[PDB]
């Protein structure tokens, strides 16, 4: 299985024959396509489980959970597909799942139905970080959907921030050419040459994009259908683009981002190709 092969090539721990990632290995696995396995896979010990407890115990509960965990944590393979589906699938399906797994419409599940959720997503021994975080140190607890959904949103925020620092190349701001590089990342070579013909010559360096403006673009990405039809209503210029994004997403967008995407896609915007490139990610 290709997914499990990848999970294994990013796994640092092993026990009884089933490999485990660390939070650092998970972040590495979403952020880098490959990495040099310079060290063998050490086997799991009891200092590592106690480290799993301590890390949760001293980590932030928000957008810095996984980074604050560092190497103190464990993630099984099913939990890794689970987290992958948080980052790549819409959240309403999870609300449907919670409403089909809960007892007496309480919208709260215990640890066993969390196991069965990962079995269902999987086919489609020890206690891990997610079990200790959602449920008890000892399974004392049950996971309400509100808690779990703000966990999903926090993890998405985390991955967004680390993507920003990756394309900022460590610094606090992101030049508009690095935003253009990030937008056209999954585009093939031909179209990238056509767009880089535009950026190459008429995208200037002015302001540099903040993390919050990147996050604003990221919230605009989630309302692409409404925006797509609001565009199909149109001849489309910057005032009309800004209005269309403002009513299709509710979000005011920073002049740097609009300038960048307008000068990539050309005094009229080529929104057919713009949204074709967007929906590929």
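Positions refer to the first chain, counted from 1.
- The segment from residue 18 to residue 19 is modelled without interruption, since every residue of the deposited sequence in that interval carries coordinates.
- According to the PDB entry, the deposited sequence contains 10 or more residues between residue 124 and residue 125 that lack coordinates.
- Of the two stretches examined, 93 to 101 and 156 to 164, the record assigns the greater average C-alpha temperature factor to 93 to 101.
- The stretch with the higher mean CA B factor, choosing between 133 to 141 and 181 to 189, is 133 to 141.
- For the set 63, 29, 216, 232, the PDB entry assigns the largest Cα B-factor to 232.
- Residue 270 sits in the highest third of its chain by CA B factor, as recorded in the PDB entry.
- Residue 79: CA B factor in the lowest third of modelled residues in this chain (values from the PDB entry).
- Ranked by C-alpha B-factor against the other modelled residues of its chain, residue 37 falls in the highest third.
- Residue-level temperature factors show residue 71 in the lowest third of its chain, judged at the C-alpha atom.
- Among the modelled residues of its chain, residue 211 has a C-alpha B-factor that falls in the lowest third, as given in the PDB entry.
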